[PDB]
Every structure is written in C-alpha cells, then in structure tokens.
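What follows is the content of final-v3.txt (compact mmCIF, C-alpha atoms).
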# COMPACT_ATOMS: atom_id res chain seq x y z
CA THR A 28 12.83 -1.92 23.35
CA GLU A 29 9.60 -3.83 22.77
CA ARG A 30 8.92 -7.45 23.67
CA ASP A 31 6.87 -9.86 21.59
CA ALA A 32 4.00 -10.72 23.91
CA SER A 33 3.82 -14.40 23.01
CA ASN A 34 1.80 -15.18 26.14
CA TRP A 35 -1.33 -13.72 24.55
CA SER A 36 -0.39 -15.28 21.22
CA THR A 37 -0.58 -18.97 22.00
CA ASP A 38 -3.34 -18.12 24.47
CA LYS A 39 -5.68 -16.93 21.72
CA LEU A 40 -4.10 -18.57 18.68
CA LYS A 41 -4.05 -21.92 20.51
CA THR A 42 -7.64 -21.44 21.63
CA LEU A 43 -8.68 -20.26 18.21
CA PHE A 44 -7.00 -23.40 16.90
CA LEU A 45 -8.61 -25.62 19.52
CA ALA A 46 -11.81 -23.78 18.67
CA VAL A 47 -11.97 -25.03 15.10
CA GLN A 48 -15.63 -25.22 14.19
CA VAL A 49 -17.53 -27.76 12.17
CA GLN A 50 -20.22 -27.26 9.56
CA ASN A 51 -22.09 -30.12 7.91
CA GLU A 52 -20.84 -33.70 7.58
CA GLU A 53 -20.13 -32.71 3.99
CA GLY A 54 -17.53 -30.21 5.12
CA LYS A 55 -17.14 -30.41 8.88
CA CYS A 56 -14.06 -29.56 10.92
CA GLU A 57 -12.98 -30.49 14.44
CA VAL A 58 -9.78 -29.89 16.40
CA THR A 59 -8.22 -32.84 18.22
CA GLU A 60 -5.15 -31.11 19.64
CA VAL A 61 -3.00 -28.05 19.00
CA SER A 62 0.60 -27.48 20.04
CA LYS A 63 1.57 -23.80 19.79
CA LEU A 64 3.66 -21.43 17.67
CA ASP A 65 7.17 -22.70 18.39
CA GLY A 66 9.85 -20.23 17.35
CA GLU A 67 11.57 -16.93 18.07
CA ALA A 68 9.90 -13.59 17.41
CA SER A 69 10.62 -9.91 18.06
CA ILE A 70 9.00 -6.54 17.35
CA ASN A 71 10.16 -2.94 17.85
CA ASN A 72 7.98 0.08 18.63
CA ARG A 73 7.16 2.85 21.08
CA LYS A 74 3.86 4.55 20.21
CA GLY A 75 4.38 5.44 16.54
CA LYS A 76 6.81 2.86 15.14
CA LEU A 77 5.41 -0.59 14.38
CA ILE A 78 7.86 -2.96 12.71
CA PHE A 79 7.45 -6.74 12.71
CA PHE A 80 10.26 -9.25 12.26
CA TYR A 81 9.88 -12.87 13.33
CA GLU A 82 10.35 -16.52 12.35
CA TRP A 83 8.19 -19.27 13.85
CA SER A 84 6.03 -22.27 12.97
CA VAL A 85 2.82 -23.78 14.35
CA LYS A 86 1.76 -27.43 14.40
CA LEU A 87 -1.76 -28.78 14.96
CA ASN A 88 -4.21 -31.48 13.82
CA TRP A 89 -7.94 -31.74 13.09
CA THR A 90 -10.65 -34.17 11.95
CA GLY A 91 -13.07 -33.99 9.03
CA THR A 92 -16.06 -36.28 8.51
CA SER A 93 -17.78 -36.91 5.18
CA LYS A 94 -21.37 -37.81 4.30
CA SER A 95 -19.83 -40.94 2.82
CA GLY A 96 -19.23 -41.92 6.44
CA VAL A 97 -15.46 -41.48 6.44
CA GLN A 98 -13.49 -39.64 9.11
CA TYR A 99 -9.87 -38.63 8.71
CA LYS A 100 -7.41 -36.76 10.87
CA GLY A 101 -5.13 -34.54 8.82
CA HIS A 102 -2.08 -32.52 9.82
CA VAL A 103 -1.33 -28.84 9.29
CA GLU A 104 1.91 -26.96 9.85
CA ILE A 105 3.17 -23.58 8.66
CA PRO A 106 7.00 -23.19 8.55
CA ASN A 107 8.91 -20.02 9.51
CA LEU A 108 6.67 -17.85 7.33
CA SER A 109 6.97 -14.17 8.21
CA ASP A 110 3.80 -12.31 9.17
CA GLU A 111 5.55 -9.05 8.24
CA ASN A 112 3.69 -9.42 4.97
CA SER A 113 0.04 -10.26 4.36
CA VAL A 114 -0.50 -12.73 7.19
CA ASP A 115 -3.52 -14.30 5.51
CA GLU A 116 -1.37 -15.10 2.47
CA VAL A 117 0.86 -17.10 4.82
CA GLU A 118 1.66 -20.53 3.45
CA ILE A 119 -0.07 -23.15 5.54
CA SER A 120 0.50 -26.88 5.11
CA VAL A 121 -2.55 -29.12 4.85
CA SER A 122 -3.00 -32.89 4.86
CA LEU A 123 -6.70 -33.65 5.24
CA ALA A 124 -9.17 -35.56 3.09
CA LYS A 125 -6.35 -35.97 0.58
CA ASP A 126 -5.82 -39.49 1.93
CA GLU A 127 -9.55 -40.26 2.08
CA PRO A 128 -12.43 -40.03 -0.46
CA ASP A 129 -13.40 -36.91 1.48
CA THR A 130 -10.97 -34.75 -0.56
CA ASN A 131 -13.62 -32.11 -1.32
CA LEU A 132 -14.02 -31.84 2.44
CA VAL A 133 -10.59 -30.24 2.76
CA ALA A 134 -11.50 -27.86 -0.05
CA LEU A 135 -13.93 -26.27 2.37
CA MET A 136 -11.31 -26.39 5.11
CA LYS A 137 -9.10 -24.44 2.76
CA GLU A 138 -11.77 -21.75 2.73
CA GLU A 139 -12.98 -22.39 6.30
CA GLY A 140 -10.27 -24.27 8.18
CA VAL A 141 -7.17 -22.33 7.26
CA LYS A 142 -9.53 -19.39 7.12
CA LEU A 143 -10.30 -19.72 10.81
CA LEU A 144 -6.57 -19.33 11.27
CA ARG A 145 -6.81 -16.17 9.20
CA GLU A 146 -8.71 -14.74 12.14
CA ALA A 147 -5.96 -16.08 14.39
CA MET A 148 -3.65 -13.76 12.50
CA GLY A 149 -5.95 -10.82 13.26
CA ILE A 150 -5.48 -11.00 17.03
CA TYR A 151 -1.88 -12.04 16.54
CA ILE A 152 -1.19 -8.68 14.99
CA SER A 153 -3.63 -6.70 17.10
CA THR A 154 -3.37 -8.42 20.48
CA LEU A 155 0.40 -8.71 20.24
CA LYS A 156 0.71 -4.93 19.76
CA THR A 157 -2.64 -3.90 21.28
CA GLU A 158 -1.20 -4.12 24.79
CA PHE A 159 2.45 -3.08 24.96
CA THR A 160 1.65 0.08 23.01
CA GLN A 161 -1.48 2.04 22.11
CA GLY A 162 -2.58 3.14 18.64
CA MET A 163 -4.46 6.11 20.06
CA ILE A 164 -3.06 9.35 18.64
CA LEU A 165 -4.25 12.95 18.78
CA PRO A 166 -4.02 15.93 16.36
CA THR A 167 -0.78 17.92 16.36
CA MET A 168 -0.07 21.57 15.59
CA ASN A 169 2.00 24.62 16.52
CA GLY A 170 0.62 27.34 18.78
CA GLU A 171 1.80 29.88 16.22
CA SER A 172 2.75 29.68 12.55
CA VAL A 173 5.28 31.70 10.56
CA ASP A 174 5.78 32.20 6.83
CA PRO A 175 8.85 33.15 4.75
CA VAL A 176 9.96 36.79 4.91
CA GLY A 177 13.52 38.11 4.93
CA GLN A 178 15.78 35.56 3.26
CA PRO A 179 18.80 35.59 0.88
CA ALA A 180 16.69 36.52 -2.15
CA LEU A 181 17.94 37.91 -5.46
CA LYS A 182 16.52 41.17 -6.79
CA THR A 183 17.16 42.87 -10.13
CA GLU A 184 15.76 45.82 -12.07
CA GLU A 185 14.37 45.74 -15.60
CA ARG A 186 14.25 48.39 -18.32
CA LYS A 187 13.01 48.82 -21.89
CA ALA A 188 15.51 49.31 -24.70
CA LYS A 189 16.02 48.25 -28.31
CA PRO A 190 19.74 48.45 -29.25
CA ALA A 191 20.83 47.50 -32.77
CA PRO A 192 24.19 46.62 -34.38
CA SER A 193 26.34 49.59 -35.38
CA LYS A 194 29.11 49.67 -37.98
CA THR A 195 31.02 52.25 -35.94
CA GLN A 196 31.26 49.88 -32.97
CA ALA A 197 31.76 46.12 -32.75
CA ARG A 198 31.51 43.50 -30.00
CA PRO A 199 33.65 40.44 -30.89
CA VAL A 200 33.43 37.36 -28.67
CA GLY A 201 35.54 34.23 -28.18
CA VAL A 202 37.79 32.47 -25.68
CA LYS A 203 41.14 30.70 -25.99
CA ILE A 204 39.23 27.49 -26.61
CA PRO A 205 40.49 24.63 -28.87
CA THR A 206 38.86 24.58 -32.30
CA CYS A 207 38.51 22.66 -35.56
CA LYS A 208 36.68 22.64 -38.89
CA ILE A 209 33.45 20.73 -39.59
CA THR A 210 32.91 21.02 -43.33
CA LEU A 211 30.09 18.78 -44.52
CA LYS A 212 28.85 18.26 -48.09
CA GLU A 213 25.52 16.47 -48.45
CA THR A 214 23.05 16.11 -51.31
CA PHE A 215 19.35 16.70 -50.71
CA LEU A 216 16.47 15.09 -52.56
CA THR A 217 14.94 18.57 -52.58
CA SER A 218 15.42 21.89 -54.35
CA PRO A 219 17.78 24.51 -52.82
CA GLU A 220 14.81 26.80 -52.30
CA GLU A 221 13.03 24.10 -50.29
CA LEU A 222 15.98 23.23 -48.04
CA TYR A 223 16.59 26.94 -47.52
CA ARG A 224 13.28 27.27 -45.70
CA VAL A 225 14.17 24.37 -43.44
CA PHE A 226 17.17 26.31 -42.22
CA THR A 227 15.28 29.62 -42.21
CA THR A 228 11.81 28.51 -41.12
CA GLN A 229 11.14 27.72 -37.49
CA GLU A 230 8.13 25.48 -38.04
CA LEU A 231 10.36 23.51 -40.35
CA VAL A 232 13.17 23.52 -37.80
CA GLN A 233 10.81 22.48 -35.06
CA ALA A 234 9.91 19.73 -37.50
CA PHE A 235 13.25 17.97 -38.05
CA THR A 236 14.46 18.92 -34.57
CA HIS A 237 11.60 16.89 -33.15
CA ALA A 238 12.02 19.38 -30.34
CA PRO A 239 11.08 22.98 -29.46
CA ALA A 240 12.99 25.60 -31.38
CA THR A 241 12.95 29.30 -32.13
CA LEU A 242 14.12 30.74 -35.45
CA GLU A 243 14.46 34.24 -36.81
CA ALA A 244 15.27 34.41 -40.51
CA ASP A 245 17.09 37.72 -40.69
CA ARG A 246 20.63 39.07 -40.77
CA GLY A 247 21.44 38.67 -37.12
CA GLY A 248 18.33 36.59 -36.59
CA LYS A 249 18.54 34.36 -33.56
CA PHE A 250 17.99 30.65 -33.95
CA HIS A 251 17.55 28.36 -30.99
CA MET A 252 16.81 24.65 -31.45
CA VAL A 253 16.88 21.18 -29.95
CA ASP A 254 15.11 22.14 -26.75
CA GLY A 255 17.21 25.24 -27.11
CA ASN A 256 20.35 23.14 -26.72
CA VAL A 257 21.48 24.72 -29.98
CA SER A 258 21.71 28.47 -30.43
CA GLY A 259 23.27 31.05 -32.74
CA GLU A 260 22.67 34.03 -35.01
CA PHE A 261 22.47 34.55 -38.74
CA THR A 262 25.45 36.50 -40.00
CA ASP A 263 24.13 36.22 -43.55
CA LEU A 264 21.04 34.99 -45.33
CA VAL A 265 21.22 34.96 -49.09
CA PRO A 266 17.81 33.80 -50.48
CA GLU A 267 18.23 30.08 -51.18
CA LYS A 268 21.81 30.93 -52.01
CA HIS A 269 23.92 31.10 -48.86
CA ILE A 270 23.72 31.41 -45.10
CA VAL A 271 26.35 32.49 -42.63
CA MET A 272 25.50 31.89 -39.01
CA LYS A 273 27.13 31.59 -35.64
CA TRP A 274 26.66 28.22 -33.97
CA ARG A 275 27.06 26.49 -30.62
CA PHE A 276 25.80 23.92 -28.16
CA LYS A 277 24.26 24.81 -24.81
CA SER A 278 27.27 23.01 -23.34
CA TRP A 279 29.71 25.41 -25.00
CA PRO A 280 31.55 28.25 -23.21
CA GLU A 281 29.71 31.55 -23.01
CA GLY A 282 30.53 33.64 -26.07
CA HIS A 283 31.89 30.62 -27.95
CA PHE A 284 30.47 29.91 -31.37
CA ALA A 285 31.58 28.08 -34.46
CA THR A 286 31.54 29.95 -37.74
CA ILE A 287 29.10 28.10 -39.96
CA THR A 288 28.42 28.79 -43.60
CA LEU A 289 25.85 27.01 -45.71
CA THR A 290 25.61 27.22 -49.49
CA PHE A 291 22.72 26.18 -51.70
CA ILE A 292 23.15 24.53 -55.08
CA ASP A 293 20.60 23.33 -57.61
CA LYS A 294 21.51 19.91 -58.96
CA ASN A 295 18.49 19.64 -61.22
CA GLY A 296 16.50 17.32 -59.01
CA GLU A 297 18.34 17.60 -55.74
CA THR A 298 20.52 20.09 -53.88
CA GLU A 299 24.14 20.06 -52.78
CA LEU A 300 24.53 21.86 -49.48
CA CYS A 301 28.08 23.07 -49.05
CA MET A 302 28.75 23.50 -45.34
CA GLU A 303 31.84 25.07 -43.83
CA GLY A 304 32.04 24.99 -40.06
CA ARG A 305 34.99 26.58 -38.28
CA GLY A 306 35.73 27.40 -34.63
CA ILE A 307 34.10 24.22 -33.41
CA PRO A 308 35.83 23.32 -30.12
CA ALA A 309 38.20 20.43 -30.62
CA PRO A 310 36.79 18.58 -27.54
CA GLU A 311 33.33 19.09 -28.97
CA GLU A 312 34.48 18.46 -32.54
CA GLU A 313 33.37 14.85 -32.62
CA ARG A 314 30.10 15.89 -30.98
CA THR A 315 29.44 18.83 -33.27
CA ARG A 316 29.87 16.88 -36.48
CA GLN A 317 27.86 13.97 -35.10
CA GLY A 318 25.17 16.24 -33.68
CA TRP A 319 25.04 18.03 -37.02
CA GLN A 320 23.87 15.88 -39.94
CA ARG A 321 21.98 13.64 -37.50
CA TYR A 322 19.90 16.63 -36.42
CA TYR A 323 20.55 18.60 -39.61
CA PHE A 324 20.82 16.75 -42.90
CA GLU A 325 20.13 13.22 -41.77
CA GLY A 326 17.37 14.73 -39.64
CA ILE A 327 15.78 16.82 -42.38
CA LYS A 328 16.34 14.07 -44.91
CA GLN A 329 14.24 11.82 -42.70
CA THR A 330 11.68 14.33 -41.46
CA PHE A 331 11.26 16.00 -44.83
CA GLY A 332 12.35 13.01 -46.86
CA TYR A 333 15.14 14.84 -48.64
CA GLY A 334 17.58 11.93 -48.38
CA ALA A 335 18.72 9.38 -50.96
Entire entry expressed as structure tokens:
Amino acid sequence: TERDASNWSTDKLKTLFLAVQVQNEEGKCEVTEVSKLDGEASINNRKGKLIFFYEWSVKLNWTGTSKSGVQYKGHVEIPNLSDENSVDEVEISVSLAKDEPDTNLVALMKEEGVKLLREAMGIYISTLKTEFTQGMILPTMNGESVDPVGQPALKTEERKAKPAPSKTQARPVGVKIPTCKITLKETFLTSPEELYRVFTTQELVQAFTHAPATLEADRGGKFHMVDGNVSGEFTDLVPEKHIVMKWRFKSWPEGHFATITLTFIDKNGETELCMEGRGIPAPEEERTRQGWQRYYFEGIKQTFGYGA
C-alpha cells in the first residue's frame, strides 16, 4: 500500500506556483497568491509497479503588465484532470490579458506561464514517487541455465518407395456420410480445348483460384487448390473431351470424396461444360455447389473471361 505524498506536492508545486517568473513588460508574469492542489489522490507501487490514479484541482492567480502600461490580474484553475496521462497536456484554465488590451501578453503566459506549471508536473511525478519508492534496479539472471532435452516429442521413420495402382488389388474409400448430387451445366465463352487446360493446368488453376494450388494432369493425378482447401485425384482425363475426378473440401471426412465428372462440348463459339457431381455430403451440399461455380466456372469466367 502506497501513500500519495501530497506534503511534497503542494510544497514544491505551491512554491513553483508562487515562483512564477516575469520576463519583459511585453510579456511579464508575477504570482500574487497560490492556494494548493485541493482534491483526493492515490498511487500504488512497491519498487517495480508505478500506477497513478487521482482527481484534484489547483487554484491560483497572477499578474501581467503590458508595455501599454496596463496591469491585470487573471485567474487560473485546472479541474480534476488526471495526470495519469501526459501531465503537460493537462487542461489548464486561463483568464489573463483577455479582459485587458494586453491579450498577447497571456499568449506568452500560455507558452511561459502554464509552461512553468509544466515543470511543476515534473516534480509532481518524480518527487511524489521519488521518495516512497526507488527507481534504482539492478541486472537479473540465473546462476545456471538449462535448455530443452527430454520431452514428450514425436519421432517417426521415413523410407523411399514408389507404389502404383494395381488392377489385381483395389483400395476403395468412403464413410457412411450423407450425400447428394451437384450437377452443374454452364456455358463458357471459350473453346472446350481452352477450358480443358484450366481444369488440367495448374498455372491456370492457380489463376482462377487466386490462391496456391497444385495440379497433376494425369489419370490419378492429384489436384490440390484453394490454399489446398480443395483436393482430389483424376479418375479420367479425356483430351478436351471428359474428366472424371474425385473431389472434396479440406473440411470433409478423411477418405470422403464426391464423384465429379466434367464433359467438354464445342458450341461453335463457346463451350458447354456438363458437370455431374455425386457423393457430395448433404451437410456440405449447399457449400459444395456454392463453392463450385464461384471458384470454378464463375471464377474462371471472370479470371479468364469465359463468361457471358
């Protein structure tokens, strides 16, 4: 528990206030009488924890003479402004020269009068905490240091092998997951041969996917797109004629793909892609269809400009 040493506050702040200095008659300043910061304040710390929270106001008065030969005694008072923030930015009330032709005189006070108070804030912060606690700290360190060693770490072995599909054996996959059909028929402002590449050319995929993808145009080729959120394999790749591929979202169950089949048709100017998606999870059905054209047709149509 720390106490707000107000004794030193008024002591210096009051003096600093009753110590207002004057420059030239053009912009001179003199203190006639200063009250003291009247309010309640409290701070908490213990050698490494300085937090300031208070609410008080100060009231004083000064005099400013002008070469014109006019003297005026203004009043200054700052409400419950909190010094927790930039103390110098504290809002201070001023009422000098404004009533007399001096005016400009106060302008200097604004950069010299209230300024003097700025210094009052310096000791306020420092003196108030530069007694109860000390800001003197020393380096810290451990006599001995230790680094990671034996910890629940995972370890696996790797090997080289190149297995290929065999007619004699088969490895079917799938889970008792809901499913539906996503047949889409869209016309492309491009030739079937052109669109074919888009579905069988990575660069082109990475183009309309506006994301990183990986594509292998081969029977069993692996295609991964949309930041790899989309993955599958090519079950068939008829040159610009037809493509059968497995499809899924990275959010789909492991070993769960939708049977997708794309067909290419020359419409003498454009192409009619006949899609036939099956196995698409019912819960993901709305997603699949929506995430299709948008990233597929509607995507290509925009990226490549094959739309109508």
For this session: Would you list the residues near (29.6, 20.4, -38.0) (no more than 12 Å away, in the coordinates of the file, using all atoms listed in the file) as an NGL selection string?
Result: :A and (206-213 or 273-276 or 284-289 or 301-309 or 311-324)
Within 10 Å of stretch 124-139 of chain A, which residues of stretch 87-116 of chain A come that close, and what is the closest atom pair and distance in Å for each? Count only C-alpha atoms and give it as a tab-separated table.
residue	atom	partner	partner_atom	distance
A:90	CA	A:124	CA	9.1
A:91	CA	A:132	CA	7.0
A:92	CA	A:129	CA	7.5
A:93	CA	A:129	CA	5.7
A:94	CA	A:129	CA	8.5
A:95	CA	A:129	CA	7.7
A:96	CA	A:129	CA	9.1
A:97	CA	A:129	CA	7.1
A:98	CA	A:127	CA	8.1
A:99	CA	A:124	CA	6.4
A:100	CA	A:124	CA	8.1
A:101	CA	A:124	CA	7.1
For this session: Tell me, in Å to one decimal, how far atom CA of residue A:329 is from atom CA of residue A:283.
Result: 29.7 Å
Problem set entry | Residues within 9 Å of (19.2, 29.1, -33.6), counting only C-alpha atoms, listed as a VMD selection string | chain A and resid 240 to 243 248 to 252 255 257 to 261 272 to 275
Exercise. Which polymer residues have any atom within 8 Å of an atom of residue A:40, counting all atoms listed in the file, with same-chain residues fewer than 4 positions away left out, as a ChimeraX atom specification?
Worked result: /A:36,44,63,144,147-148,150-151
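Across the structure, atom CA of residue A:122 and atom CA of residue A:149 are spaced 23.8 Å apart.
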Seminar exercise, completed: What separates atom CA of residue A:29 and atom CA of residue A:82 is a distance of 16.4 Å
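Candidate residues A:89, A:215, A:83, A:35 were compared for distance to residue A:295, and the nearest is A:215, using only C-alpha atoms.
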Expected axis-aligned box over every listed atom of stretch 155-172 of chain A, 6 Å added per side, centre plus edges in Å to one decimal, as JSON:
{"center_x": -0.9, "center_y": 10.6, "center_z": 18.8, "size_x": 19.2, "size_y": 50.6, "size_z": 24.4}
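Nearest-residue note for residue A:34: choosing from A:103, A:155, A:114, A:270, the minimum distance belongs to A:155, counting all atoms listed in the file.
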Exercise. Neighbours of residue A:118 within 8 Å (all atoms listed in the file; same-chain residues fewer than 3 positions away dropped), as a ChimeraX atom specification?
Worked result: /A:105-106,108
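Minimum atom-to-atom distance to residue A:85, evaluated using all atoms listed in the file, belongs to A:41 out of A:55, A:73, A:41, A:294.
Of the listed residues (A:58, A:265, A:163, A:141), A:58 comes nearest to residue A:87; the distances count only C-alpha atoms.
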